[PDB]
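A single chain, nothing else alongside it, follows as structure tokens in the form deposited in one PDB entry.
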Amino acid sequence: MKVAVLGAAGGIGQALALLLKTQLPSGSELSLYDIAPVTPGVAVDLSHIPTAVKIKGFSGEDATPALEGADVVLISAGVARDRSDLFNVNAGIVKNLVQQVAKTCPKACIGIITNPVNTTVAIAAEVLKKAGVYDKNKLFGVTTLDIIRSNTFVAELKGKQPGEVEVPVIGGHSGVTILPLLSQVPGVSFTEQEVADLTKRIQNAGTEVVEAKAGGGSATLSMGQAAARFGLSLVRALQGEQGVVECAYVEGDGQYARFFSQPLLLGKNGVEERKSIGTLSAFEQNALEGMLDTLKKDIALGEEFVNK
């Protein structure tokens, strides 16, 4: 299986590429692309790690050599911090990269990491549609960082093994759109104050990092970790492994919005089943309805960026 990382020279991309180099299965191939000229050397650096994963790095404007034969494409290109100017830049980047994906490896599974995910998977979808290669089963907004933060915060609050906690997270990927299903964590229960506090902490966790970094940026290492978990799940599922389940932001039945993060059974063709979000608590139900307009705006912003 071959994985391409577009945006490989960034903080998220290097973390991701490191975890993938040492965690992909033997006989996997890893290729790195970024416009930054260090990129062939990021690959060379990683190539000195004795694992059975072939790795190569590529720069320039054309991502084609990185993309040829790619089974999974993970996109983490873009900056983090006018606010209109930076969005236009990140959106432009996703639009371009996905267009390269569409030309070279249209049957790849595509993980969009670049933020704002609510909006950027919509951009991605529209680009793939205009190329005529859009498969809704193979495009994902990578929301996995929401899940692993949730697992961490629950484990610390409830004194649990952090690796034994797995919290479902549905909705979208920013602020009020992030909905952790704390009522569904097996063997743990929460107070209403705890639900309100945990939920707000999860929804604002990116700001927590930004603030402690004192202008040195947003989450990079946890995000590379999150994205690795997700890419390795897609890989496992593509190789035929069963019961691989991840939450991710995908185009589904449209009950809440056109794109929505829900539990997914993953398979040989990407999404094998969009699973039910199950029973919500009153607090969760209210949180779902209170966010829907926000998420629909995020989506529309992405559709308009492409279609004018």
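One-based numbering along the sequence shown.
Omitted from view is the form solved in complex with a small molecule, to which the following refers.
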* Asked: Is there any non-hydrogen atom of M291 lying within 4.5 Å of the small molecule in the deposited complex?
  -> no
* Asked: Is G7 one of the residues lying within 4.5 Å of the small molecule in the deposited complex, judged by heavy atom distances?
  -> yes
* Residue contact check: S218 to the small molecule in the deposited complex, 4.5 Å heavy atom -> yes
* Asked: Is the gap between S150 and the small molecule in the deposited complex 4.5 Å or less for some heavy atom pair?
  -> no
* **Region of this chain that lies against the small molecule in the deposited complex, out of 32-40, 271-279, 255-263, 47-55 [heavy atom, 4.5 Å]** => 32-40
* Asked: Looking at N96, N137, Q184, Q225, which has any heavy atom no more than 4.5 Å from the small molecule in the deposited complex?
  -> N96
* To do: Select from the listed residues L234, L145, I170, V101 the one whose heavy atoms reach within 4.5 Å of the small molecule in the deposited complex.
  => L145
* Would you say all of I12, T114 and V117 touch the small molecule in the deposited complex, counting a heavy atom within 4.5 Å as a touch? -> yes
